[PDB]
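Student: Need coordinates for the following:
(chains A, B, C, D, E, F, G and H, ligands or ions: 9)
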Amino acid sequence: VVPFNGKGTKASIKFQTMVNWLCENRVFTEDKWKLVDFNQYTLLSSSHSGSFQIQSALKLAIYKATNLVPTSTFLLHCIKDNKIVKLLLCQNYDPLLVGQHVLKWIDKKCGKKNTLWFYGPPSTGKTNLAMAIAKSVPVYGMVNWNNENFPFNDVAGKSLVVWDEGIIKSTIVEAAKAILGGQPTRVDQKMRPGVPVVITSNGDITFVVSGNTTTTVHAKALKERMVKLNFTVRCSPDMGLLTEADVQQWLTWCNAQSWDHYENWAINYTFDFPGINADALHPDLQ
Amino acid sequence: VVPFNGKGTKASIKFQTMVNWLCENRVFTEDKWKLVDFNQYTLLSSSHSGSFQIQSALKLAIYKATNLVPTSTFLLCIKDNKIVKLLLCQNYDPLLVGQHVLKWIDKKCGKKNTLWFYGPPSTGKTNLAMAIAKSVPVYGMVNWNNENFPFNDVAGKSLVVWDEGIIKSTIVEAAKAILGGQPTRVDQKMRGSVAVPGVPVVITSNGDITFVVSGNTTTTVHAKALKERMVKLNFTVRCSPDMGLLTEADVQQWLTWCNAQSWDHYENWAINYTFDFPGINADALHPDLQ
Amino acid sequence: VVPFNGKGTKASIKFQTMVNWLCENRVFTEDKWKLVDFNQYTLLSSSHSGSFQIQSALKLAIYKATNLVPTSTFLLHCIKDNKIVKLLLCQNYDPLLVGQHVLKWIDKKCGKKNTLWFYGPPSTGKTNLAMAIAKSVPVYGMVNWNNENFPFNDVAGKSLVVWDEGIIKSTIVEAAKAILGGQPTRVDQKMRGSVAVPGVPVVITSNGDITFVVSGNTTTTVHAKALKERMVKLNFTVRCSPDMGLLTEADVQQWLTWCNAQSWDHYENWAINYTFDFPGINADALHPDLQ
Amino acid sequence: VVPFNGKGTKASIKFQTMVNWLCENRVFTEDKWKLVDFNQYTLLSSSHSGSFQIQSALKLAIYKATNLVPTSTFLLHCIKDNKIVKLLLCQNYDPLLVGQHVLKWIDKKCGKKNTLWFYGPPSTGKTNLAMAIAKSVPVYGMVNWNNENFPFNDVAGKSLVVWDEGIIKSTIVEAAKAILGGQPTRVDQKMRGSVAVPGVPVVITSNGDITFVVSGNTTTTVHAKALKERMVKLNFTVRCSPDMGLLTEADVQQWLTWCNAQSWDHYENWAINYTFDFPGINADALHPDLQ
Amino acid sequence: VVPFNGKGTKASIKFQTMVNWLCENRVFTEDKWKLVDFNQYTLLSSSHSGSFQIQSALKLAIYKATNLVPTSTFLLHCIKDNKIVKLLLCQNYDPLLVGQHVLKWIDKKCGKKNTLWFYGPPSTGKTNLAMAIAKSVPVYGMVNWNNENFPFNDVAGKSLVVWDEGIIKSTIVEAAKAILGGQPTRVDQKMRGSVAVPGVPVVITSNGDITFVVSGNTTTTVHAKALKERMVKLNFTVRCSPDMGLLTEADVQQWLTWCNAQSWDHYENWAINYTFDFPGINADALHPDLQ
Amino acid sequence: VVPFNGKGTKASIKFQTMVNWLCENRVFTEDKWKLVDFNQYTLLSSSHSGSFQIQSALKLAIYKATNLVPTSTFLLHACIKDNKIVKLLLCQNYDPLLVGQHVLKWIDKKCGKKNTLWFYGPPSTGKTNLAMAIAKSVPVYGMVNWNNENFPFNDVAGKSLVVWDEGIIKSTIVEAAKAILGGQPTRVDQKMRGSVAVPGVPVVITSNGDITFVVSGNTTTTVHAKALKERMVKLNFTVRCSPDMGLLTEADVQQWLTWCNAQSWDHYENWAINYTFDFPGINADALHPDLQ
DNA sequence: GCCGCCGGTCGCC
DNA sequence: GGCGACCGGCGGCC
Ligand SMILES: Nc1ncnc2c1ncn2[C@@H]1O[C@H](COP(=O)(O)OP(=O)(O)NP(=O)(O)O)[C@@H](O)[C@H]1O
Ligand SMILES: Nc1ncnc2c1ncn2[C@@H]1O[C@H](COP(=O)(O)OP(=O)(O)NP(=O)(O)O)[C@@H](O)[C@H]1O
Ligand SMILES: Nc1ncnc2c1ncn2[C@@H]1O[C@H](COP(=O)(O)OP(=O)(O)NP(=O)(O)O)[C@@H](O)[C@H]1O
Ligand SMILES: Nc1ncnc2c1ncn2[C@@H]1O[C@H](COP(=O)(O)OP(=O)(O)NP(=O)(O)O)[C@@H](O)[C@H]1O
Ligand SMILES: Nc1ncnc2c1ncn2[C@@H]1O[C@H](COP(=O)(O)OP(=O)(O)NP(=O)(O)O)[C@@H](O)[C@H]1O
Ligand SMILES: Nc1ncnc2c1ncn2[C@@H]1O[C@H](COP(=O)(O)OP(=O)(O)NP(=O)(O)O)[C@@H](O)[C@H]1O
Ligand SMILES: [Mg+2]
Ligand SMILES: [Mg+2]
Ligand SMILES: [Mg+2]
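Tutor: Numbering: from 1, shown residues only, chains lettered A, B, ... in the order given. Ligands and ions are numbered 1, 2, ... in the order given. Okay, here it is:
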């Protein structure tokens, strides 16, 4: 399709450059814009025609960073020295395979398996790793911030949805089957792609509370849409916060490795994530 | 009736050209506009006025594509077409089916405004319906609408799709009007006349929809009335588990070939419309498909 | 009343010319404007000013076509070969006397009797003649469109009100009497602001008697006296052959033009005291051409 | 005090002239403006600024004609030929005193006695006289048009209030005392930021005694003392000819103008202390123009 | 806190001059503006951008007159012929102390004794005196105008709150205690910046003791001690002449002009220990002009 | 981060200068602006354009004062024996050095979990006077008594200090109380502002009785007593004061905090390693000769 | 105050 | 006389 013949003025080209600048520096919120470049914000807020451009540029930047650009490219920029590499080795999970899956999972290339699940005892580092990814993607949203009876508001536009210490109520289970499966909401269909979801919890989430009693009616359907990871070993208190770079170096290194190994397991996506294969451990990871 | 003797400035001519450019490339949604041409959208959205124009152009393009141009214009060797292969296995005449579709999609079938596909599951009922629905500019599903108000925003659509639907006794009164091509009161009260918009309808189902659900029971009072407005097809043959997603290109090829052939056979059946679509006539098969 | 001494730029003259064109070409809805002239609509819809001018011009054209010009001028333009003339003769009715009645009724000059009633067996063409007149006037409103509990909405700014198969309920019989009698609605008395507001002609086609107002689950005849004061009745008893086809506004314009061309004293004799029932064909009084 | 030493631009002076012209020709509604001058109305409504100017100018003209200018100026321009003059002789009322009393009453000069009451048998012309006077003043409202539960809404901005065949209810008896006595509502107090501003003349017509306020399904005389002080009572005892016809503003203006030139000193002989019942004709008090 | 430089253009300078002219001639309401300078109001309403300036200027003028100017300056410009001086002597109170106290009171300088209370039999002129003071401040409000369940709304933006024929109920005792004592309401606290001060003076007229709180169908005295500390009580016992007439600004300002010129020693001696009652005439200290 | 290479007109530079001027003069409300400078306010409100500029300037100035500039810089300034606050602290048996130094960290949200100060003691001992003295120095603060009874924590965001005077905690709102008193932002704060974490507002509480006991109907419950103790710091005002010490002023606060900033921080670092619910009292020998 | 458009008039055909 | 493109004016925008 041939684009239109419209030629813009100086102001329009300046606005387009401003949108590119906002998209490049990951400035998607007013607070972030004030914290980063207060001078330009003060200059723009002087009048109506300046204030409107702020909202327009923010919306266009969000759309460009979410829909028109692959999210994985936002994450890609001594492999053994990375904290995350050691952490997955302790949990007997191959750092390479889990890294490759995240790239496909964030890129909606895993089919119906749109949801990741971290399972283990409390204080094993589940939320620390999960929250590290949420700070690496352009925009993220948490279920906890939403209303108690409307947990899935403002799902469209997010690069990732995080559900920390969550549990599924039978009154809203039908909505969970859609989003966790990646099916678009009916509102999205009417007005016009799914959003990856990550869930961390202490118990078994496949059990659904129904009244004052637990039930297993929906246990079968939720299993196909999810991948389970076991974080059993307690973490030392000195680990601290995981930096966005630690994710960046880990994902970038895993990207360049041979991909054919991941495709073999990708033929039949199992609900359970396979453990470390000692015969396939990379030499640099040792 | 003479067009007004006004003259357009250089600014309005650009808007008029953009309106034609919208219809030329079948872009009718803001998402499609963003996906196809981002630079022009970004340039337009940097000024109060620069926006009033996006919505105005979209509205004008929708109206022009839906009402001022025949729908079939958007649709217009043959043995290799998957659509023909589909209807061949289903014991129906591939040529005669398309010739009715063109008259049906153009609101030229009188009271029989509704088409119905029926059969066991995994027989291609839904795949064929979406292939037609993708080709038309604008289409809407009854599934997306509210349960208590299934017929909202029917106007402005070139087609309406109803997937695995069931008719309830509460909505049987509104269903009869929309399925029969009769204009709704909302359009009548707005437009000014008593008959204007026109909406084709296509329905798929695994069960007989002529039966109406009332309470926890099923009645047959409205069966005769719904039979007049509808046309039935029986997809009773299991399809080969190899066929893929039917595309608009497949439909356009099927309709283009069927359009130019002889139209002498169709109008004989058009004198009296049978409730069931006629099946394969062995002697009347076109020599191309023998 | 000397007009104002104001003056306006070329844009205002263009707007006035556009309003005059809308009045001339009989365009009164946005969809009609889109159908007749898409180019001018697309040019006008390029900015806020044009989109406001569209609504202003539409409203002004509607007002001019409704209140600034007598409705009869929108109807004027072998007489025996006219389909409508045959129909009234078949129904044993004089075409001239009916036509001359319409030209005074459509202009609200008949006073209290603002309503015509078409009554008789079904499928005799009662709706066909009623709708034919409606399609000729600038704009008409139908009671069937309006909501269940509020039938008399959107009456203002209309030329003709059509009500087919109508039944008067006791709940709304009081509001019904106002419009059917030519009395103005009370909201127009204040929104316009004095008792100078006019009313709208009403035409009713029914298969049964409408003087029997429905109350609950029982028929009552207390209101029959008041309704008969305001109404004129016709009887479509003789069913027509199913080959008359859809009547056209050209037939109405042709028939109405001929009626005004003849003598008017013939109708004036019956105008001294209007009768509820319409007198039938008189062989002596028939027009020389129609014989 | 000396007003602001401003300098009106070219456009603003046009607005001032338009506002003056609207007041001059008594054009107070959009529907009146369309009939009087459609040209200027279209030229103005050609754009947003013109519509805003129309909306502002209408309110300014209403304010100028209501508050800043006395109403009597629009009433003031042999006498035996006047219809109204003969009418009051039938009801044994002196036309001169009635004319003089109305002129002082319309401008809120009577103080407490702010209400005039017409009473008598039906068909004596009680409504005919009230309507003619009402349509002479620029803007008037009717209690009938207003909401049943809120009959005294939209009081401000009216030069006269007309109440036909009214009956006072116990639910609204308290609000009626203020309006009939010229007491402004709290809206005219707190939003107009004072204790009292308008005078809102009110006229009432009835066939029975309105001082008997209905209480539930019973009649009570508690409020008889309070209301009878606020009103002035006129009795239309004699039924007039059926062919009196509709009165017009021309008859109203001529009658008031003639009463203006006559002697005034006779009026205040009684006006120092009004009585509830209007005094009748005495042969001595009859002017020679009517003898 | 040196002012910003901000060199303004002629458009803003003219608006500032208009704002000053508003305060100078006491034009604080739209109705007063229309009644005083109609030409300027007509010119200003010719456009939307000109109509916005009226609402911009009125608020600033009201704020300037309320907070940026001492209220007593609006009061201060033979003596033995002033009606108030004569009236206060009839009640056996010293006019000089009353006038001196009022000026100190209106500027909120009495401390916690913010509210004045006038009590006595009817027809003693209590209400007439209260109106004269309220008519002289820029803007005044009433508790009578407010809603029954929320009588203490719209407190801000007023220089004096008048409560005529007042009485205190138990459902509003907590609100009345704060307002009568000068304590700012929580609205000012959450709109301005923490415990401010503006408050408002209050004047009360009553025919009965207001210290008796009405609860249910029983009179109670729980808050009698708390209320008395906040008011200064005056007993208006002597009936006044029926034909005294209303009081005006010229009477109050003339009276207040004399009082300010005298020494503050007489007042400041009693001001050290504020009493609930006000001292009467002392022949040992009556001013020579009033002897 | 390289700032966007745009350049503003004369009006934009003037507006930025006005925003700076509003910050420098501690003007944050319409009433304060009208009181300080009526002429500029009139000039701005003369037109529709300036009425929007006023609101934008105020909204930007509040944000600049609250989030961009540390609050403690508004306390420090650009006869120590005679300072009124020093005497008042000595009357109530507390070291003026440690009280001032702790404030400079509590007001800057640097104390970690212990985000609140608690004043306890009999009436008329000077609890209210000192509490309001700190508030008058910070740019903008909000007091709880203004809000609705059922909604106590409205408009908490965008304030430098939260004042709660003689208040008592109820079980119906004890769940929200542990949030602000703990320094973790409310749920709506993250959503409207994208980040799971945005620092909280310091809180100062005065009380005549022990607030660690929560009202539960017509009954006192102590289930939440433990949870409040690691969020709070307690000071006891056990000595009454004579009516010879009027309202405290910002001048006293600035002088007091200025001296506490210049002295060594070793006496604070010893206690700051492990915070205690009880604030240690006067040490007889540790008192520096500048206050002996 | 900002960026847009309609419009007049002089400049050139 | 006609066609051209230039700059200044004005728009509405809460
Ligand atoms: N705010 C923090 N500052 C420093 N270290 C932290 C912080 N939060 C967590 N950690 C460290 O991160 C590791 C685990 O963090 P945490 O988020 O509590 O893990 P978890 O297993 O997801 N916990 P839980 O929420 O109990 O399931 C430990 O080494 C902690 O010391
Ligand atoms: N992604 C796909 N979408 C549609 N059809 C598919 C797809 N993949 C394979 N097919 C095959 O294509 C044919 C179309 O089947 P489908 O249209 O889903 O059946 P149907 O009869 O309309 N189903 P039902 O919804 O039960 O009425 C079948 O043979 C499918 O097995
Ligand atoms: N599509 C049509 N359907 C029916 N009648 C038609 C049609 N087109 C033309 N006509 C003519 O219209 C005549 C009847 O018109 P119609 O208005 O339906 O009658 P009616 O007496 O008003 N009907 P009803 O509503 O049953 O009382 C027929 O006899 C035909 O001559
Ligand atoms: N066109 C006319 N309209 C009204 N009244 C007319 C007309 N022509 C003559 N009249 C007479 O003029 C008088 C007007 O009376 P009118 O004001 O309608 O009633 P009223 O005396 O107030 N009584 P009522 O309405 O019965 O309570 C009556 O005597 C009518 O007969
Ligand atoms: N029109 C008037 N306006 C004001 N004061 C008047 C007026 N006429 C007389 N007066 C004087 O005011 C006195 C009563 O006025 P008013 O202000 O109502 O007094 P009051 O003692 O406060 N009344 P009350 O409300 O009965 O307790 C009369 O006795 C006259 O001296
Ligand atoms: N504006 C003032 N007026 C009077 N006394 C004041 C004022 N400001 C301070 N004081 C005095 O300064 C001291 C401060 O006491 P304060 O801080 O109010 O004590 P408290 O125990 O918190 N009060 P309370 O509110 O009764 O619980 C007291 O002696 C007050 O009387
Ligand atoms: Mg956690
Ligand atoms: Mg299907
Ligand atoms: Mg009184």
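
Student: From now on I want contacts and neighbour counts done on CA atoms only, so please keep to that.
Tutor: OK.

Student: For the stretch 101-250 of chain A, which segments count as helices?
Tutor: If you assign secondary structure with DSSP state H, counting those that start in this stretch, the helices in the stretch 101-250 of chain A sit at A:126-134, A:173-179, A:186-191, A:219-224, A:244-256.

Student: Heading C-terminal from the longest one, find the next helix or strand.
Tutor: Put plainly, it is helix A:244-256. Towards the C-terminus, the helix or strand next in line after helix A:244-256, according to DSSP states H and E, is helix A:260-266.

Student: List of residues touching that next one?
Tutor: For helix A:260-266, the external contacting residues (C-alpha atoms under 8 Å, 6 or more residues apart in numbering or on different chains) are A:97, A:100, A:101.

Student: what about the strands in chain A?
Tutor: Here chain A has its strands, by DSSP state E, at A:115-119, A:140-142, A:160-164, A:197-201, A:208-210, A:213-215, A:226-230.

Student: Give the burial count for the residue of the stretch 1-150 of chain A found nearest ligand 2, as a bare number.
Tutor: For the stretch 1-150 of chain A, the nearest residue to ligand 2 under the criterion C-alpha to the nearest ligand atom is residue A:111, separated by 11.9 Å. Using other C-alpha atoms under 10 Å in any protein chain shown, the number of residues around residue A:111 comes to 12.

Student: swap in residue A:5?
Tutor: Other residues within reach of residue A:5 by the criterion other C-alpha under 10 Å amount to 10.

Student: could you check the distance from it over to chain B?
Tutor: Taking C-alpha to the nearest C-alpha, to the nearest Å as the measure, residue A:5 and chain B are separated by 8 Å.

Student: try residue A:188
Tutor: Taking C-alpha to the nearest C-alpha as the measure, residue A:188 and chain B are separated by 10 Å.

Student: and that residue, how far is that from residue D:248?
Tutor: Separation of residue A:188 from residue D:248 (C-alpha to C-alpha, to the nearest Å): 67 Å.

Student: For the residue of the stretch 51-200 of chain A found nearest chain D, give me its contacts.
Tutor: In the stretch 51-200 of chain A, no residue comes nearer to chain D than residue A:52, which is 23.3 Å away by C-alpha to the nearest C-alpha. The contact partners of residue A:52, taken as C-alpha under 8 Å, 6+ apart, are B:46, B:47, B:48.

Student: Contacting DNA strand H as well, which ones from those?
Tutor: The subset of these within reach of DNA strand H, counting by C-alpha under 7 Å from any atom of the strand, consists of residue B:48.

Student: ok, so of the contacts of residue A:52, who is nearest ligand 4?
Tutor: Within those, distances to ligand 4 taken as C-alpha to the nearest ligand atom reach their minimum at residue B:48, with 58.3 Å.

Student: what residue lies at the spatial centre of chain A?
Tutor: The centre of chain A sits closest to residue A:160, judged by C-alpha atoms, centre = their mean, with a distance of 3.3 Å.

Student: That one is in contact with residue A:135, isn't it?
Tutor: No. Because the distance of 10.0 Å does not satisfy C-alpha atoms under 8 Å, residue A:160 is recorded as not touching residue A:135.

Student: Mind listing the shared neighbours of the two?
Tutor: Shared contacts of residue A:160 and residue A:135, defined by C-alpha under 8 Å, 6+ apart, are not found at any residue.

Student: What residue, apart from its backbone neighbours, is nearest the residue in the stretch 101-250 of chain A that chain F sits nearest to spatially?
Tutor: Closest approach between the stretch 101-250 of chain A and chain F, counting by C-alpha to the nearest C-alpha: residue A:145, at 5.7 Å. Distances taken as C-alpha to C-alpha, 6 or more residues apart in numbering or on different chains put residue F:187 closest to residue A:145, at 5.7 Å, once the chain neighbours are dropped.

Student: Tell me how far that neighbour lies from chain E.
Tutor: Note on residue F:187: its distance to chain E, by C-alpha to the nearest C-alpha, is 24 Å.

Student: and the gap between that residue and DNA strand G?
Tutor: Using C-alpha to the nearest atom of the strand, to the nearest Å, we find residue F:187 at a distance of 37 Å from DNA strand G.

Student: Would you mark the buried spots in stretch A:153-165?
Tutor: Buried residues in stretch A:153-165, defined by neighbour count with 16 or more other C-alpha atoms under 10 Å in any protein chain shown: A:155, A:156, A:157, A:158, A:159, A:160, A:161, A:162, A:163, A:164.

Student: cool, stretch A:171-184 as well?
Tutor: When neighbours are counted by 16+ other C-alpha under 10 Å, the buried residues of stretch A:171-184 are found to be A:176, A:179, A:180, A:181, A:182.

Student: what's the first-to-last distance across it?
Tutor: From the first residue to the last, stretch A:171-184 extends over 20 Å; the measure is C-alpha to C-alpha.

Student: Run through who's touching it.
Tutor: Counting contacts by C-alpha under 8 Å, 6+ apart, the residues outside stretch A:171-184 that touch it are A:112-115, A:168, A:185, A:193-197, A:208, A:210, A:221-222, A:225-226.

Student: For PyMOL, write the select line for the buried members of those.
Tutor: To isolate the buried members of these in PyMOL, using 16+ other C-alpha under 10 Å:
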select buried, chain A and resi 112+113+114+115+185+194+195+196+197+208+222+225+226
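
Student: pretty sure residue A:66 contacts residue A:160?
Tutor: No. When contacts are counted by C-alpha under 8 Å, residue A:66 is not listed as touching residue A:160 (10.1 Å).

Student: Next, count neighbours for the residue in the stretch 101-250 of chain A positioned nearest to ligand 3.
Tutor: Closest approach of the stretch 101-250 of chain A to ligand 3 (C-alpha to the nearest ligand atom) occurs at residue A:190, with a separation of 37.0 Å. By other C-alpha under 10 Å, the residues close to residue A:190 number 12.

Student: do residue A:147 as well
Tutor: Using other C-alpha under 10 Å as the criterion, the residues surrounding residue A:147 number 12.

Student: Contacts only, for residue A:44.
Tutor: By C-alpha under 8 Å, 6+ apart, residue A:44 lies in contact with A:50, A:51, A:53, A:54.
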